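Below is one structure, written out as structure tokens; the observations come after it.
Chain identifiers are assigned alphabetically (A, B, ...) following the order of the sequence lines, protein sequences preceding nucleic acid strands; residue numbering begins at 1 within each chain. Hydrogens, waters and symmetry mates play no part in the numbers below; they use all other heavy atoms, side chains included.
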Amino acid sequence: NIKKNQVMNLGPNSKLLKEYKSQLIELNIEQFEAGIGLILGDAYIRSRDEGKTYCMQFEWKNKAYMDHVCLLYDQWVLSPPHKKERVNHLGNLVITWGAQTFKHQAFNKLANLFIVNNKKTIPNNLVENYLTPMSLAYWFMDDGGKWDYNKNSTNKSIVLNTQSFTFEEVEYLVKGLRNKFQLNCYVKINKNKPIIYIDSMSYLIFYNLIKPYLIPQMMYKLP
DNA sequence: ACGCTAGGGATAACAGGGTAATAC
DNA sequence: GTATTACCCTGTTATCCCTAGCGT
Ligand SMILES: [Ca+2]
Ligand SMILES: [Ca+2]
Ligand SMILES: [Ca+2]
């Protein structure tokens, strides 16, 4: 049995690396469920071959969250996060962190739920059949935000920024969320694009569901 | 008086492409 | 040389986040 330690620095097309990879078969329950929320939120699952293998690429401003996701996918992530320092078209420095897993057939199970012709889509029962409290918690740390950011406000309404999805797609998600978690949420608009509004009346319900998984440095997103 | 929104800004994300390091 | 592929890099906005001033 080869250990990550032994291959995390060898060339990409390295034999020992591939041997290490062959030792891995599937993603554990945690990596799968969290992945459903990550793909619905800020992650990117792609294939460079023709759907034979997929890998996941990450990028966030918050490094702690980044480190937390890498640890989650430890076995599939050979390197530490990498600082990316870029300059705007406004001459400003923008700092973020990047990371990725290597490609592996283990990721095909996640990818085939969303990808179709290398194009991302949300299927009609994704929520009902795969979205768990853990998935939802990650989807929240990703796309999640407050409805009212004003100070001293008591509004407990949550928002999921799903601006890249179609209205049909957002409808599948909303149906699943309402039926499965009794959440009182629905579609609203932002920059002419669909977002999911969760009424403050469902806050406590929403919170108890994702509480077990949000990390401390992400708590600031809650009301 | 003040809880709430819709309008909108400079990112903080997503998508793909290019290549240095192994194999044969 | 050609085939592989993890780790960067670059092209680009739909993102989360804010707040002027609207509604009651
Ligand atoms: Ca997102
Ligand atoms: Ca995010
Ligand atoms: Ca985006």
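- A:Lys21 has a side-chain polar atom (N or O) that falls below the 4.0 Å cut-off from OP1 or OP2 of C:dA6.
- Figure legend: cation-pi geometry between A:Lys109 and A:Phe32, with NZ or CZ positioned under 6.0 Å from the six-membered ring centre and within 45° of its axis.
- A centroid separation of 6.0 Å or more is found between the aromatic rings of A:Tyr44 and A:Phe58.
- Proximity of a side-chain donor or acceptor of A:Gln100 to a complementary backbone N or O of A:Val77 within less than 3.5 Å is not detected.
- We find that A:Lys15 and A:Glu19 are joined by a salt bridge, their nearest charged nitrogen and carboxylate oxygen being less than 4.0 Å apart.
- No side-chain donor from either of A:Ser200 and A:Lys156 sits under 3.5 Å from a side-chain acceptor of the other.
- A:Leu93 shares a hydrophobic cluster with A:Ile95; the chain of contacts runs through ILVMFWY side chains whose heavy atoms sit under 4.5 Å apart.
- Remark: A:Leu78, A:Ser79, A:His82, A:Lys84, A:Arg86, A:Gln100, A:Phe102 in residues 78-102 of chain A come within less than 4.0 Å of DNA chain C through at least one heavy atom.
- Formation of a donor-acceptor pair under 3.5 Å by the A:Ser202 side chain with backbone atoms of A:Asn184 is found in this model.
- Side-chain N/O atoms of A:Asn13 and A:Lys18 include a donor and acceptor closer than 3.5 Å.
- Each of A:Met141 and A:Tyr197 lies near DNA chain B, and the nucleotide nearest A:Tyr197 is the one positioned closer to the 5' end.
- The span of DNA chain B lying next to chain A, judged by atoms under 4.0 Å from heavy atoms, is bounded 5' to 3' by B:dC4 to B:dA23.
- In this structure, A:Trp97 has its ring center at least 6.0 angstrom away from the ring center of A:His82.
- Membership of the apolar cluster around A:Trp147 extends to A:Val159, A:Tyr186, A:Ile195, A:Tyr197, as traced through chained side-chain contacts below 4.5 Å between ILVMFWY residues.
- A:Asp148 and A:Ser153 are linked by a side-chain donor-acceptor pair at a separation below 3.5 angstrom, with hydrogens and angles left out of the test.
- Using modelled atom types, no side-chain atom of A:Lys193 and backbone atom of A:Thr166 make a donor-acceptor pair closer than 3.5 Å.
- A ring-ring contact (aromatic ring centres under 6.0 Å, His included) check over residues 109-132 of chain A, counting only residues at least two apart or in different chains, returns nothing.
- Not a single side-chain hydrogen bond (donor to acceptor under 3.5 Å, both in side chains) links A:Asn112 to another residue, sequence neighbours left out.
- Non-hydrogen atoms lying under 4.0 Å from DNA chain B are contributed by A:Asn190, A:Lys191, all within residues 183-193 of chain A.
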Under 3.5 Å donor-acceptor pairs involving side-chain atoms of residues 210-223 of chain A, not counting sequence neighbours:
residue: A:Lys211; atom: NZ; partner: A:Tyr207; partner atom: OH; Å: 3.2
residue: A:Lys221; atom: NZ; partner: A:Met141; partner atom: O; Å: 2.7
residue: A:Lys221; atom: NZ; partner: A:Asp142; partner atom: O; Å: 3.4
residue: A:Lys221; atom: NZ; partner: A:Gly144; partner atom: O; Å: 3.2

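- Across residues 49-67 of chain A, A:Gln57, A:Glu59, A:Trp60, A:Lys61 each have a non-hydrogen atom less than 4.0 Å from an atom of DNA chain B (numbered order).
- Taken residue by residue, residues 107-121 of chain A places no heavy atom nearer than 4.0 Å to DNA chain C.
- Sorted by first and then second residue, the salt bridge (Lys or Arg N to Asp or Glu O under 4.0 Å) pairs involving residues 24-41 of chain A (not counting sequence neighbours) form an empty list.
- Within residues 204-223 of chain A, no residue has a heavy atom under 4.0 Å from DNA chain B.
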